[PDB]
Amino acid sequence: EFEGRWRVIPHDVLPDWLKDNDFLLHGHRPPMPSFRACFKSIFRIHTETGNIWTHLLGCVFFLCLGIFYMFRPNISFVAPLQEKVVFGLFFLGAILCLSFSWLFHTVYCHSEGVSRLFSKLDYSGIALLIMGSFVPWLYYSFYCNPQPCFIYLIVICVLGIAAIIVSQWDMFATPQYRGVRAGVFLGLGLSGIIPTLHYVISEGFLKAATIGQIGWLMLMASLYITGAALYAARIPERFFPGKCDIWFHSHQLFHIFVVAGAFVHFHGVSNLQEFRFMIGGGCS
């Protein structure tokens, strides 16, 4: 259409607030203070196309997954209300995290204010994803051990809330603090070792490894570290600046890792639910 006509612009002519990655040389969206232009750009080819769709498609998937999970027969669960509320808080975190991100990337070029407000929701989004992922996992791991289940939930809440407070800070969004962000969110997810070690100390090596806690956790931690390293080190556009502007840049690859990582986590924690079903409720 002949309304809100725009063109992809080189990195150099971007305002300071829109200059995030110096390695993405071309294909940027010019600052357009119209949500109309912003939401149509979802159907255009630019630096954020991949970013929008990865978490736009992932968002509907987790929503349908969340919907279907809730409608699961109450027969398949030992405590259908409890397990459904624990899985619910994970989907609440997954859906919110993804919805915030694809919305942020869509409305990224509106204004300095819109970017500021939406970037804050984007970072806070991830902290809700880490907090939400812990709730079902911590619940199944500390099923017949209620005191640590409760303690560890508070530490994740306080740390997650701290990560939400840290994301509000304006210096936090600067490209120099990219490393700080990567470390902050890595620390939050990597806090998984405290409950794991407690679990391993009590359940046993064989018992923790029998159940795929380790197989699943090494993979979790791998995605967590391989995933943050890409974000912080800006691979592969660090080498190859240009040619990676539209496809397969670090943010795009990282976006794929969030969707992939959240699905794999759901799969691991859905197995714990299935095992508990075979075992039944209570303890020896």
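Sequential numbering from 1, following the sequence displayed. Rigid core (definition): largest C-alpha set, two forms, superposition within 1.5 Å.
Q. Core-superposed in 4 other deposited structures of this protein, which stretch deviates more in Cα positions, 209-217 or 100-108?
A. Result of the core-fitted comparison in 4 other deposited structures of this protein: 209-217 deviates more.
Q | Residue stretch of maximal mean CA temperature factor, 181-189 vs 122-130 | A | Mean CA B-factor is higher for 181-189.
Q. Is the mean CA B factor in the deposited entry higher across 234-242 or across 248-256?
A. The deposited B-factors put 234-242 ahead on the C-alpha mean.
(Q) Checking the record values for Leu89, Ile75, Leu96, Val107, which has the greatest CA B factor? (A) When the deposited C-alpha B-factors of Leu89, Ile75, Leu96, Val107 are compared, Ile75 is largest.
Q) Looking at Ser101, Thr196, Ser115, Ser202, which has the highest Cα B-factor in the entry? A) If I rank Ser101, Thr196, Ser115, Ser202 by C-alpha B-factor, first place goes to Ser202.
Q) If you rank the chain by CA B-factor, which third does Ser111 end up in: lowest, middle or highest? A) According to the entry, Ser111 has a C-alpha B-factor in the chain's lowest third.
Q) For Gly50, does the deposited CA B-factor place it in the lowest, middle or highest third of the chain? A) It falls in the middle third of the chain.
Q: Comparing against every modelled residue in the chain, figure out the third that the C-alpha B-factor of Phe39 lands in (lowest, middle or highest).
A: Ranked within chain, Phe39 CA B lands in the lowest tercile.
Q. Can you tell me which third, lowest, middle or highest, the CA B-factor of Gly66 falls into for its chain?
A. Middle third by C-alpha B-factor.
Q. Where does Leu56 sit by CA temperature factor within its chain: lowest, middle or highest third?
A. For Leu56, whose C-alpha B-factor we compare with every modelled residue in the chain, the answer is the lowest third.
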